[PDB]
Amino acid sequence: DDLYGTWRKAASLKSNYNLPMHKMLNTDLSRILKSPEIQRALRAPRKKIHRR
Amino acid sequence: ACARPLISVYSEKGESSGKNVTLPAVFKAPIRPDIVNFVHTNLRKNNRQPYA
Amino acid sequence: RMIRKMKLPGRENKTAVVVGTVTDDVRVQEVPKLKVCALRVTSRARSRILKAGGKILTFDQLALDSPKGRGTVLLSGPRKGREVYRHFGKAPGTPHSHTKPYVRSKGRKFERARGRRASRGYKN
Amino acid sequence: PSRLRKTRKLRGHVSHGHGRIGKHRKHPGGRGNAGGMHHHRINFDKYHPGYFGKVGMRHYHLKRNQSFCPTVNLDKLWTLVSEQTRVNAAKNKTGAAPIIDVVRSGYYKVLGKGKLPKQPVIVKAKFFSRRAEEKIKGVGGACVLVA
Amino acid sequence: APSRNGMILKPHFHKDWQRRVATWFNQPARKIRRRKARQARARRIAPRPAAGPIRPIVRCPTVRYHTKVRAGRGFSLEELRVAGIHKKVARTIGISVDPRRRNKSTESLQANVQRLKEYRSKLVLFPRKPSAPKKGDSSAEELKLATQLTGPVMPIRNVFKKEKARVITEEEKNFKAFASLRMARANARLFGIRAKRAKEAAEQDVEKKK
RNA sequence: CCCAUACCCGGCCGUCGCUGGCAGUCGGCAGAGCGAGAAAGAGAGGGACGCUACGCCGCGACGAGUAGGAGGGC
RNA sequence: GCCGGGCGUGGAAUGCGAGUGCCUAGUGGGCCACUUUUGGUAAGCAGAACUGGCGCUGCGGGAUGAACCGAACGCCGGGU
RNA sequence: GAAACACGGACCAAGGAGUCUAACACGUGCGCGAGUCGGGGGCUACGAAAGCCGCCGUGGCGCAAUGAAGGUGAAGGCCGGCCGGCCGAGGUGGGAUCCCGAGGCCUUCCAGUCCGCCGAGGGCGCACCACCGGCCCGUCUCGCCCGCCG
RNA sequence: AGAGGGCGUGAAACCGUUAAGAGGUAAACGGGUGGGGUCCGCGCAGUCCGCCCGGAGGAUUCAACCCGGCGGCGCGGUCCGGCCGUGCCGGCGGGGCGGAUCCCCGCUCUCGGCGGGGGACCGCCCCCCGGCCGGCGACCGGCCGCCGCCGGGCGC
RNA sequence: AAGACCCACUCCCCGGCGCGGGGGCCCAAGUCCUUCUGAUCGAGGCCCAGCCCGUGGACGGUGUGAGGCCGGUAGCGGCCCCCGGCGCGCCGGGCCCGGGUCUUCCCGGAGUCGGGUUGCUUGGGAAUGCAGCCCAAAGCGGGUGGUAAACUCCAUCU
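Protein chains in written order, with the authors' numbering: chain A, 261 to 312; chain B, 2 to 53; chain C, 65 to 188; chain D, 2 to 148; chain E, 2 to 211.
Okay, structure coming up:
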């Protein structure tokens, strides 16, 4: 915590370094795609297969 | 990372002592293999001897 | 730029969504509170937004808060603002073709002669 | 990476990506920037207008330090001082205006490129423009010279 | 053979350059040679500092840099003369000297005689023969705290004057800084020809009066 | 009446397109649908396979090639 | 030249998703034919216009064939 | 235009030809972002590596152009009487997306709300494009004014 | 010695021989079958997989219970308590750092000017607290319950 | 520099003598049990010390493939010479020295600079440098101050 520091406490033993930021907080999209917020805004899966 | 868990220090014989160290925030940094594979295959070229 | 586009009338409740990155502009003083969703926010632009009581979102949190994109304003930075496009278009040395040529250094003796002066041959 | 280059995909193809009719000879058009007034005339008129000729006065012993004058716009003028300074003036009620020493930051000339927050300053610069002086006066500040 | 829109390049390779290519594989080994003789230098003169004699405070020439301060070659002979130091017992106690320097302003000359003052006090002079200390020597119990000084001795800090906010007077408000510069630019240019036209401005009267 | 590598029909390969479809494997905290010509609501007061998502699957159309260009090479 | 307001039966047929910007290789010896055509006695000659070919292209036909007639090519079965 | 009465070629093995450096341009990936970069120098077997130093960013490029040069150097309106306040960072058309909603979406029937959905119409309008303005530098014409230590 | 003194491995061109086949439009090749060899298929009586029925067996034997152990989930509609916060907030706070916010030692001509050290302030971080917020599904335990699995008794 | 008046110590240098670098030599631990092979350094095992060493698991040798067979490796390990170095004391010498103040004196490098001209050279452009020939100095002078020239101020070096 002194060579790289937390996100809100810059590293003490570096000049002005701080940890990189995350491009997406909630990483596991499995826990995302099965959420009531998403699952209410989706059209029904058209999975009946249509062959020639 | 809504919380940082608590890591336990182990003694010299394998038991877990009473102390507990907070997980440093560096272990929660983003996992970027593309950067690691970039930096590794460009710093391995600096120990290289010349030949001609 | 996004302050300029969010002070438009039928807005100021919607959320700012930009796929690029939000850099801090040092030439603006007051900062309204913002609800921003970008791929990456520069370190100073976080501290200046959050100090104004704003809110910074990422795209996984955008889908959780608004799946269909309801109540968001999708923006984009200046696409042809790069230095490169000032060399594009019609070639220089052409009538009314205000195009930057490629010169190794600028000075009084780098492309200030024959093609440019009416006293030296001609000009366009 | 020689394994990513094009020549790996040209193995087997006879001319190696340079044509059979117009073979890859040594120097078809001449070496360097040749033929400026000659067979390469069109390229120099269409893409480097002004390349040929002299204009101006030949200054012999140019010492770049004499003509050194890095400008600063009024847009980023308050960035030369801390945010504590900028807030403590709009909070101050005695009309006490902070002094911005431009030369200390590294610039010499002040040019007025944009708006200013309405609170007075006393900019200790070395050169000013006309419009730059107007903005600082109109806000209510002063323009002091220094050498 | 130029292509389409590109840049007119002049590489300086028409000479035979491939005989004088200085490669830099010395560089990692060069640094070690430098460092291992920089430490061995300090080992030789162990109580004396590592950087060596102190340098004077020196402005810069060339009005691009003249707001900056460096460490010059040596103290001028006037600076040593005011400070009460003989210019030959000066280099012996680690005070760098060069007589080539002059002092065009006392504002700088006073600034270095203060520097020689503090160094003359912060110095711990060992006795030549320990069994017989002289007058110039230091207190015997001060010799035990003789540790070698690393880094540039008395490093120069380019500090500015922390001034405070004022309330603008009516005069600073009503000063035309731009117009006064354009005025000053004009006088220093026409000062010569105004004198000549004023020279014979008295010659076109003295032929008139007689 | 004879037959081309042309046309029709059928198979298989590949490319291209639909910027096609699939996270819904939602199971005694269960109830098996979204092929439906018609802008929008099956709304509340014990059970095979699969989905190396850079994966899998379905439709159409298309396929000559030097110089040259690009892509993929388990 | 500005505002402001009002009028869609989208004002011929047919077909088809378009617009747009970079970077750019090769090429810059061509040749043949219906028709038009200049020089020439004429030429598988020299020189042009328009379109298509050959070059870069196999296939069926003209016995043979760079260009003619048909028809343009993934690998196969049936039919024509 | 080659099967050519065009040239190279008896046969076999192994060798055998777009590379490296510098510069530039564009495309692309990554980091940081009005900044960015230690490349040079320092600092504490593999390691000649790695780490670190911003009071090592000197410096490079970028953030401002223009003129041969001296040089100059990038919005305005509106009210009150050259001065005092106020509104104060262009407009037009086309614009992905978003926003409001005229209405309208079944259990023996009727009333019927919350939520969701649909939609004529009407909006703020990203990027970018076309055009009209505006500002800075050079230069020209017309002029009419203001400022001050000499 | 299938390593025999330029001797590890021992390719191709080329040659000798043996075995097989062929042989007047030079040979070689493409496509299509045919014949003949070559070896291989360890080919030669050709499928297993569930499920239920029928007939002969053999086990320590099922279900449901009893005790021990482990696990899962908990909307326990709102269990207690921890720890953590890229949650804020409340501080007669104790702090170490940042800032271009504002008495004294030192100092060159006792007062004016000046450099160094404190102090006030701001902002940050963390700590000693107090209380809410939230998670523990990037991080937990003791209970309580439902279920499951295993072990052991019975059951026979 | 000398003179006078003060202030301040008088000990440094030569010639003789004694109390890490190079070379040589050494330093841990299995040829343990079965088992493969022409030969093992292979395969397996060595419990409750899951053999033994390890500051030594670099490498090489050894009848395939070795931390424990051998040389080595590790060690701020030992031992033995050798050269340098470090001060000290002795004997012989050399050596009397500085600083400030005041006065009174003194002080500079020539066939060179510089000028012309020719030729080479340079980014050096009405000549940057160098050289030949001709000219040929001055002393509040001389050189430079990136445009030839005069005048006049500064600056800067000798």
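Yeah, the Cβ is synthetic: ideal placement off N, Cα and C, and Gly gets one too.
Determine the chain A residues that contact residue i at a beta-carbon separation under 7 Å, and present them in chain order.
{"i": "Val27/B", "result": "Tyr264 and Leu279"}
{"i": "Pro6/B", "result": "What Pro6/B touches in chain A: nothing, since even the nearest Cβ is about 14 Å away."}
Of the choices the options, whose alpha-carbon is the least far from that of residue i?
{"i": "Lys78/C", "options": "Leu103/C, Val105/C and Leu139/C", "result": "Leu139/C"}
{"i": "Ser130/C", "options": "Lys164/C, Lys173/C, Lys99/C and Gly117/C", "result": "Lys99/C"}
{"i": "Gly171/C", "options": "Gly33/D, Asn44/D and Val56/D", "result": "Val56/D"}
{"i": "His49/D", "options": "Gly153/C, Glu175/C and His151/C", "result": "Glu175/C"}
{"i": "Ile43/D", "options": "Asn6/E, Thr170/E and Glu164/E", "result": "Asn6/E"}
{"i": "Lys118/E", "options": "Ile96/E, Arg198/E, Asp138/E and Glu108/E", "result": "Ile96/E"}
{"i": "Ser106/D", "options": "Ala126/D, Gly113/D, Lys138/D and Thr95/D", "result": "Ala126/D"}
{"i": "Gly84/C", "options": "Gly185/C, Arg184/C and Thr106/C", "result": "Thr106/C"}
{"i": "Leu78/D", "options": "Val111/D, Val88/D and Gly18/D", "result": "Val111/D"}
{"i": "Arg116/E", "options": "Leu81/E, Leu146/E and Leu144/E", "result": "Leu81/E"}
{"i": "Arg291/A", "options": "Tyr186/C, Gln125/C and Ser161/C", "result": "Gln125/C"}
{"i": "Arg59/D", "options": "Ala177/C, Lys173/C and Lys69/C", "result": "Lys173/C"}
{"i": "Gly36/D", "options": "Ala2/E, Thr151/E, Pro134/E and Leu150/E", "result": "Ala2/E"}
{"i": "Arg181/C", "options": "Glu84/D, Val104/D and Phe53/D", "result": "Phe53/D"}
{"i": "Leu150/E", "options": "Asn188/E, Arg44/E and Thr63/E", "result": "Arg44/E"}
{"i": "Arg131/D", "options": "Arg195/E, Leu182/E and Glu173/E", "result": "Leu182/E"}
{"i": "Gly135/C", "options": "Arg68/C, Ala80/C and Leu72/C", "result": "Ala80/C"}
By the DSSP assignment, the alpha helix (DSSP H) with residue i in it spans what residues?
{"i": "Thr42/B", "result": "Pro34 to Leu44"}
{"i": "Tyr120/E", "result": "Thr107 to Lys123"}
{"i": "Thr158/C", "result": "Run containing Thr158/C: none; DSSP gives neither H nor E here."}
{"i": "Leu11/D", "result": "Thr8 to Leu11"}
{"i": "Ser272/A", "result": "Looking at the DSSP string, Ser272/A is not in any alpha helix (DSSP H), and its letter there is neither H nor E."}
{"i": "residue 154/D", "result": "Absent from the structure is residue 154/D, since the part of chain D shown begins at 2 and ends at 148."}
How would you list, in chain order, the residues of chain C whose beta-carbon sits under 8 Å from the beta-carbon of residue i?
{"i": "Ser295/A", "result": "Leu128"}
So which residues of chain C does residue i contact, with C-beta pairs closer than 9 Å?
{"i": "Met184/E", "result": "The contacting residues do not exist; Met184/E stays about 29 Å from chain C at best."}
Along chain E, in chain order, which residues have C-beta atoms closer than 9 Å to that of residue i?
{"i": "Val167/C", "result": "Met8 and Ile9"}
{"i": "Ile100/D", "result": "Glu164, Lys165, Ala166 and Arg167"}
At a CB-CB cut-off below 8 Å, which residues of chain D make contact with residue i?
{"i": "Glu76/C", "result": "Ordered by position in chain D, no residue passes the 8 Å Cβ test against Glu76/C, which lies about 22 Å from the chain."}
{"i": "residue 7/C", "result": "Missing from the structure shown is residue 7/C; chain C here goes from 65 to 188 and no further."}
{"i": "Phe127/E", "result": "The premise fails here: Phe127/E is roughly 43 Å from chain D at the closest Cβ pair, so nothing lies under 8 Å."}
Can you tell me where the beta strand (DSSP E) holding residue i begins and where it ends?
{"i": "residue 1/B", "result": "Residue 1/B cannot be examined here, being either before or after the span of chain B that is shown, 2 to 53."}
{"i": "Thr86/D", "result": "Here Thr86/D belongs to no beta strand (DSSP E); instead the alpha helix (DSSP H) covers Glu84 to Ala91."}
{"i": "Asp102/D", "result": "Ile100 to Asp102"}
{"i": "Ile123/D", "result": "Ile123 to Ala126"}
{"i": "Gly84/C", "result": "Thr79 to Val86"}
{"i": "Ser9/B", "result": "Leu7 to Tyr11"}
Along chain A, in chain order, which residues have C-beta atoms closer than 8 Å to that of residue i?
{"i": "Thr163/C", "result": "Correct list: empty, because the minimum Cβ distance to chain A is about 38 Å."}
Residues of chain D with CB closer than 7 Å to the CB of residue i, please, in chain order.
{"i": "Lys174/E", "result": "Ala143"}
In chain C, what lies closer than 7 Å to residue i by C-beta?
{"i": "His49/D", "result": "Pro165 and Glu175"}
List, in order along the chain, the chain E residues whose C-beta lies closer than 7 Å to that of residue i?
{"i": "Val15/D", "result": "The premise fails here: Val15/D is roughly 23 Å from chain E at the closest Cβ pair, so nothing lies under 7 Å."}
Task: Members of the region 130-161 of chain C near chain D, C-beta cut-off 9 Å - done: Answer in chain order: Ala155, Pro156, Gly157 and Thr158.
TODO: Please list the residues of the region 110-130 of chain D that have a C-beta atom closer than 8 Å to any C-beta atom in chain E, keeping them in chain order.
DONE: Taken in chain order, the members of the region 110-130 of chain D whose beta-carbon sits within less than 8 Å of a beta-carbon on chain E are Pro121, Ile123, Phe128, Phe129 and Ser130.
Task: Stretch-stretch touch, CB-based, cutoff 8 Å, three pairs: the region 96-112 of chain E with the region 5-16 of chain E - done: Contact fails: fewer than three Cβ-Cβ distances are below 8 Å.
Open item on the list: Could you check whether the region 159-170 of chain E touches the region 94-104 of chain D, counting it as contact only if at least three pairs of C-beta atoms, one from each stretch, sit closer than 8 Å?
Closed with: When C-beta atoms of the region 159-170 of chain E are compared with those of the region 94-104 of chain D, three or more pairs fall below 8 Å, so the two segments count as touching.
- [ ] Please confirm if the region 63-78 of chain D is in contact with the region 34-41 of chain E, defined as three or more CB-CB distances below 8 Å between the two stretches.
- [x] Counting C-beta pairs closer than 8 Å gives fewer than three between the region 63-78 of chain D and the region 34-41 of chain E, which falls short of the contact rule.
Open item on the list: With a threshold of 8 Å, are at least 3 pairs of Cβ atoms found where one atom belongs to the region 64-71 of chain E and the other to the region 154-163 of chain E?
Closed with: The answer is yes - the region 154-163 of chain E touches the region 64-71 of chain E, with three or more Cβ pairs under 8 Å.
Open item on the list: Does the region 29-44 of chain B come into contact with the region 14-21 of chain B, if we say contact requires no fewer than three beta-carbon pairs (one atom in each stretch) closer than 8 Å?
Closed with: No, the region 29-44 of chain B is not in contact with the region 14-21 of chain B.
Task: Near-chain A residues of the region 78-105 of chain C (beta-carbon distance less than 8 Å), N- to C-terminal order - done: Only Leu103, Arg104 and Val105 from the region 78-105 of chain C bring a Cβ to less than 8 Å from some Cβ of chain A.
Open item on the list: Does the structure place the region 172-181 of chain E close enough to the region 137-146 of chain D that three or more beta carbon pairs sit under 8 Å?
Closed with: Because the criterion of three Cβ pairs below 8 Å is met, the region 137-146 of chain D and the region 172-181 of chain E touch.
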